[PDB]
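Residue-level structure breakdown
Each chain, written out:
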Amino acid sequence: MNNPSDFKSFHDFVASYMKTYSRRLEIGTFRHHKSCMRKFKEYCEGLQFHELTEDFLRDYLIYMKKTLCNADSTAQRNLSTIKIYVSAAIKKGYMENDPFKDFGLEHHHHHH
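As stated in the entry header, the method of structure determination is solution NMR.

Here it is in structure tokens:
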């Protein structure tokens, strides 16, 4: 196989990079997200580092729970699936911080 980034979209990126995790994952969750990300092309577009925001994760959390109608575990899992490629892009890519760092962890206490 020789395909230098044939994925323009986040859901395609995850589906490809996931191979690094599926080798150390079970098939159950892999196959479940596999079908989702493919038909998820309804919104289209690739979505880059700058389009991936905390508010995006927030809005899509609501969208997935509300409009798609799913459980929190399902939503959090699916969002952390996006978090996978985001985190990859953070670890050895070009992204500095993940959305869930500010979205999930409010510092609360920082000296003063």
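Here we look at the overall build of the chain
Secondary structure summary: the chain contains six helices and zero strands in total. The N-to-C order of helical and strand elements in the chain reads α-α-α-α-α-α. Dimensions of the chain, computed from the C-alpha atoms along their principal axes, are close to 55 × 35 × 30 Å. Going through the 112 residues of the chain one by one, you find that 31% of them count as buried. Counted over contacts in the chain with a minimum sequence separation of 6, partners at least 24 positions apart contribute 59%.

Here we look at helix α5 (residues 72-91)
The terminal C-alpha atoms of α5 lie 27 Å apart, and with 20 residues this matches the ideal 28 Å at 1.5 Å per residue to within 8%. Within α5, the axis deviates most sharply at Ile 82, by approximately 25 degrees. The complete set of buried residues in α5 reads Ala 75, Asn 78, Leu 79, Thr 81, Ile 82, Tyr 85, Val 86, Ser 87, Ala 88 and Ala 89. Packed against the buried residues of α5 are α1 (10-17), α3 (27-39), α4 (54-66) and α6 (99-103).

A short note on the packing of α4 against α5
α5 packs onto α4 with a crossing angle of 140 degrees between their chain directions and a minimal axis gap of 10 Å. Comparing their axes, α5 and α4 come out oblique. Relative to α5, α4 is oriented so that their crossing is right-handed. Contacts between α4 and α5 involve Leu 57, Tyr 60, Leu 61 and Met 64 from the former and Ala 75, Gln 76, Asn 78 and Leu 79 from the latter. A breakdown of the residues in the contact of α4 with α5 according to their chemical character gives six nonpolar, two polar and no charged.

Overview of the side chain of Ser 22
Secondary-structure assignment places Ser 22 in helix α2 (residues 19-22). For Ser 22, a relative accessible area of 18% translates into the label buried. For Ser 22, the side chain forms a polar contact with the main-chain oxygen of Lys 19, separated by 3.2 Å.

Here's the deal with the pattern of salt bridges
Scanning all chains against the criterion turns up three salt bridges. Among the ionic pairs, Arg 38 bridges to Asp 12, the shortest N-O distance being 2.6 Å. Of this pair, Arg 38 sits in helix α3 while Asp 12 is found in helix α1, placing the two residues 26 residues apart along the sequence. Two residues, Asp 55 and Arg 58, come together in a salt bridge whose shortest N-O distance is 2.8 Å.

Quick notes on α4
Between the first and last C-alpha of α4 there are 18 Å, a value that for 13 residues agrees with the 18 Å anticipated at 1.5 Å per step. Taken together, the buried positions of α4 are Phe 56, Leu 57, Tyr 60, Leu 61, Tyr 63 and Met 64. Packing partners of the buried residues in α4 comprise α5 and α6.

Conventions adopted
Residues numbered from 1 in each chain as written, not as in the entry; some residues may be left out. Heavy atoms only, no water. Helix = DSSP H or I, 4+ residues; strand = E, 2+ residues; numbered from the N terminus. Buried < 20%, exposed > 50% of the residue type's maximum accessible area, 1.4 Å probe, protein only. Contact = heavy atoms within 4.5 Å. Expected span 1.5 Å × (residues − 1). Bend = angle between axes of the 7 residues up to and from the residue. Axes fitted to C-alpha atoms, helices over the stretch in contact; angles between N-to-C directions. Parallel < 35°, antiparallel > 145°, perpendicular 65-115°, else oblique. Left-handed = near helix turned anticlockwise from the far one by under 90°. Nonpolar A, V, L, I, M, F, W, Y, C, P; charged D, E, K, R; others polar. Polar contact = N/O pair within 3.5 Å; in protein donor to acceptor, adjacent residues only side chain to side chain. Salt bridge = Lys/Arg side-chain N within 4 Å of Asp/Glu carboxyl O.

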